[PDB]
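# pasting an experimental structure, sequence included:
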Amino acid sequence: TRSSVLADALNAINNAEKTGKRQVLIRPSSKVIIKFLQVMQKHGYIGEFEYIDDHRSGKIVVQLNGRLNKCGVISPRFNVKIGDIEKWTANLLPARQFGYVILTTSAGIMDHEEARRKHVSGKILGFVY
Amino acid sequence: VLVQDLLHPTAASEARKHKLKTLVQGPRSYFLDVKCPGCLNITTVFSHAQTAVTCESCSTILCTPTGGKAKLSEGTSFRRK
Amino acid sequence: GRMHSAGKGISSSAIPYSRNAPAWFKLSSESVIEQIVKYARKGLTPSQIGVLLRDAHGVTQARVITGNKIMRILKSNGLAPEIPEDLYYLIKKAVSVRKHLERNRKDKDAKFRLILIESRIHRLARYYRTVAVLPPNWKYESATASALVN
Amino acid sequence: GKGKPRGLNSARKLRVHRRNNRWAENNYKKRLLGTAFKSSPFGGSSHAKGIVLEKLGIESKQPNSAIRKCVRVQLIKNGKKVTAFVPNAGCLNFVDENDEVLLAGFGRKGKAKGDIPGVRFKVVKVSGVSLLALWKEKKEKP
RNA sequence: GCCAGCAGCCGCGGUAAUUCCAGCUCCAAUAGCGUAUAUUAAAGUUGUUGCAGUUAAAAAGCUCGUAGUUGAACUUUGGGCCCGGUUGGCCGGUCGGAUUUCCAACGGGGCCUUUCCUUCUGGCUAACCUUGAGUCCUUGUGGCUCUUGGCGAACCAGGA
RNA sequence: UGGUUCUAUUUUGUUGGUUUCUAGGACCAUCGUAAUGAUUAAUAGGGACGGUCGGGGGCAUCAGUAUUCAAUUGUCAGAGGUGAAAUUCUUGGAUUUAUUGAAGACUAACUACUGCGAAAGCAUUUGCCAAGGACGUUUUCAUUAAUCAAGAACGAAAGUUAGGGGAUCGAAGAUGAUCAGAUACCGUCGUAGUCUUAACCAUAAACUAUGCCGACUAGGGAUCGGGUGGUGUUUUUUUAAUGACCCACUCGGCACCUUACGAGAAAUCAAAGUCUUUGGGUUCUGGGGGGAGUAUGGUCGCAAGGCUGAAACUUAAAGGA
């Protein structure tokens, strides 16, 4: 089916952006996703993005920059311990600096560098660069 | 096209595009207040019948069901709504 | 894409957004209640009720006009039927097929299709297990359908 | 969605569908029946004692001609009957019939070396004193 | 002169053989060399690190499945004050190391910003919200002697 | 806050047993304390709904037409057949023609870089029967999903078991040809089989000789299926309406071109790319060439046979581009 949501829309967003679409439309709207973008956005990777409701599981427009390089969903959703992310960054982030791996705790549908300032960890859904 | 407002496009592009994509979905079918000539009565019929409905009781006939839209008889004002 | 063939059909209804009223319709809610409950004993099935309601009188769905969903209502009134209606057409199909298999044991297409169909049923019968709407144990039995309806 | 189950509860079906696979890979074949103990000469070894029979002559495989020097043995164990191969010179001479010889592999496993056919061993010692010496003349024989 | 013979493999030898037998001559190890066997590295030709599977040897005929194996994200972040370590500079303070102001790095305990610290009965207090007195000296948040109201986790020891 | 219920340290000598004093358990109702308490809803899933789509399946009808045969209908020499032949039919007038008939077999052209199915595989027509993909969706449930040793459906044809069918082809068998031979190629007949019901077998170059999930890289122009928009093309009927059409857009296909930034032994590859800068998830397989997918055991089958699968021995190449 559609067996999983976040995935489906994400992939189309790394298949809009590749071609230089300035944007996207994506179907099944969640909370999950709303939250996901709200992380991405804070970090300078998209803008605006103009929910639309239709009383349904609902559609979401995401205006572009042409920055996005790449935002795969991970995906069992594994478990993770604090000191373990130190394995991930370098197995899927080009650098270190930068470019956020990203995970789901309790607060928080929130990356790892903010995670230090909180000292928390659970399961790791997508990742950006 | 490298870009476009898909929010609101043309009115065009909807009329033609398929019911289930105008973004927010909405039906095409719609209802249709019928004076058989004899009576003044006014029966609320649907554009896609499936049933022919009788008019009110006069026992009259109205509108045959086909693929999609009734074919209504001769008499019938069929003002829409 | 229909669970049995190579077929990816698309076609339902594009309930319209408005939750409340048609407005252009100005008759009463009570009004259609009466009407359904009028209809039922006569010889109904909820599936059909709406069709008949739609094509003739005000309605648009029961749904807007009341705060229920046909059935719910028949069930309050006690007209639900011993069966969940969609089922009582499948089993039927059973009898109506099996019978045809037995005038012409030299027919495969039909055979298969029967099974296929035994299965629609078990799965749909497993669900109207689960959720308290078939007295537990119910199991479907090929041969017991002909004095269950006629 | 490549061919493998992936979500979370897909421990069970994995520790099986490698443990099946491993099979075929030849190596993990030797190590479970492991062959090594039943089949082959040395069984679960590296070296052994044997005592010679004839001094057989085996010509070449062919891009070659080369009439080499081999000896049948009697081991001092399964008894197989083996042949084996000699280095250096004539080397043959220094293996005077029904003498004690110390055998080892041929660094190839199983398999079968260079230009020799069904042949799979070398003569390291004799009497236990080298060959290496009883050809660079650091000892001699009883 | 394709016969003897050598040659781990490629291969020499069928009348001038840089390979055989042997002379001289040189090369390598050298009180130690060779020889055969087994194992290792060589072997990323068993492989988790590190393989190959379009045709080289290999993707099951295709799908469902109980195990096995993996499994989207989200549940205190930030900021606020402290106080101290010991690397690194700037004085060496001096007959090659002792430490202070100047001062970077960097950890780390407090505590507070709505902030569990399983928590009660004592004994425990160890710390200052204390301050009964005050002042050596750079015309003072640079320096610690003292009992009285009041700090509990610096901790004994029974429990819930 | 009762009650209820357990106790069983502690004093009215004390040792033990009623049982009253105080203190710790624990509970159902009970007035009171609370911001009283339920994560998004993954371009993950499953489902419902709506127009749909398709040569996806089965059961039944329906039509084309050829072939063969036979009748009827005519005329009158060879016809057939071939590289060239001959066997073969020829007053018992074939071969041709006319029209009707009968039977089983198949579904032309359309018909393509196109359709749908898990693959095998599926095309005359219509009616039931239930299935399904793709979209559309301010429906729903909420991590249920990925691959899968075990196990279990389907599996071209051939072939088998017993009935039906037995036109045409046509191993086997017979033949005449060719040929040094010809048990083959060429020709004419021909059981069996091809077809179907019901039951077996489970192999294939079952072929993209390319496991699936995913996620990301670089341009295009086609097409099938949807959907959206354009006072868009005709339809003309009076304007619309739809419908075909055009174009714009998209999601999902089935492919194709062009590059090579990459990869490769190369031939070539938008995947065989993101791999010594070596690691997203997991199931199968191979490790020189033969011996040999044999001998053996074990097992499924009535049998054909399948799946499982050695070793001794031999060998310096066998192979790819």
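Arrived safely. Numbering: from 1, shown residues only, chains lettered A, B, ... in the order given.
# what about residue A:126, neighbour count?
20 (other CB atoms under 10 Å in any protein chain shown). Using the backbone N, CA and C atoms, a C-beta is placed for each residue, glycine as well.
# touching, it and residue A:10? I think so.
Yes: with contacts counted by CB atoms under 8 Å, residue A:126 reaches residue A:10, the gap being 6.4 Å.
# overlap of the contact sets of the two?
A:71, A:72, A:73 (CB atoms under 8 Å, 6 or more residues apart in numbering or on different chains).
# against residue A:61, how distant is the residue lying closest to the last one once chain neighbours are set aside?
Of all residues not flanking residue A:73 in the chain, residue A:7 sits nearest, at 4.6 Å (CB to CB, 6 or more residues apart in numbering or on different chains). Using CB to CB, to the nearest Å, residue A:7 is found at 19 Å from residue A:61.
# try residue C:125
43 Å.
# kindly report the same for residue C:16.
22 Å.
# tell me which stretches of chain D form helices.
D:12-19 (DSSP state H).
# OK, now which residue of it is nearest to chain C?
residue D:1 (17.0 Å; CB to the nearest CB).
# how many residues are close by that residue?
Residue neighbour count, defined by other CB under 10 Å, stands at 6 for residue D:1.
# ok, now residue C:149?
10.
# which residues touch it?
Contacts of residue C:149 (CB under 8 Å, 6+ apart): C:88, C:92, C:95.
# phi first, then psi, for the residue in chain C sticking out farthest from the centre.
Distance to the chain centre peaks in chain C at residue C:106, reaching 32.6 Å (criterion: CA atoms, centre = their mean). Note on residue C:106: its backbone torsions stand at phi -110, psi 50 [degrees, to the nearest 10].
# tell me the spacing between it and chain B.
37 Å (CB to the nearest CB, to the nearest Å).
# ok, now how distant is that residue from chain D?
Counting by CB to the nearest CB - residue C:106 and chain D are separated by 41 Å.
# residue C:13 too?
From residue C:13 to chain D the distance is 32 Å (CB to the nearest CB).
# check which helix or strand the spatially closest residue to that residue that is not a sequence neighbour maps to.
Nearest in space to residue C:13, with sequence neighbours left out and distances taken as CB to CB, 6+ apart, is residue B:27 at 7.1 Å. Following DSSP states H and E, one finds residue B:27 outside all helices and strands.
# is it true that the residue nearest to residue A:73 touches residue A:74?
No: checked against CB under 8 Å, the pair residue A:7 and residue A:74 is beyond contact range at 9.5 Å.
# what residues are up against the residue in chain B that RNA strand E sits nearest to?
Distances between chain B and RNA strand E by CB to the nearest atom of the strand are smallest at residue B:23, namely 25.0 Å. Contacts for residue B:23 were tallied using CB under 8 Å, 6+ apart; they are A:25, A:52, A:54, A:59, B:6, B:7.
# now list the buried members of those residues.
The neighbour-count criterion (16 or more other CB atoms under 10 Å in any protein chain shown) marks A:25, A:59 among those as buried.
# out of the contacts of residue B:23, who's nearest residue D:61?
residue A:25 (70.3 Å; CB to CB).
# right, I'll call it a day here.
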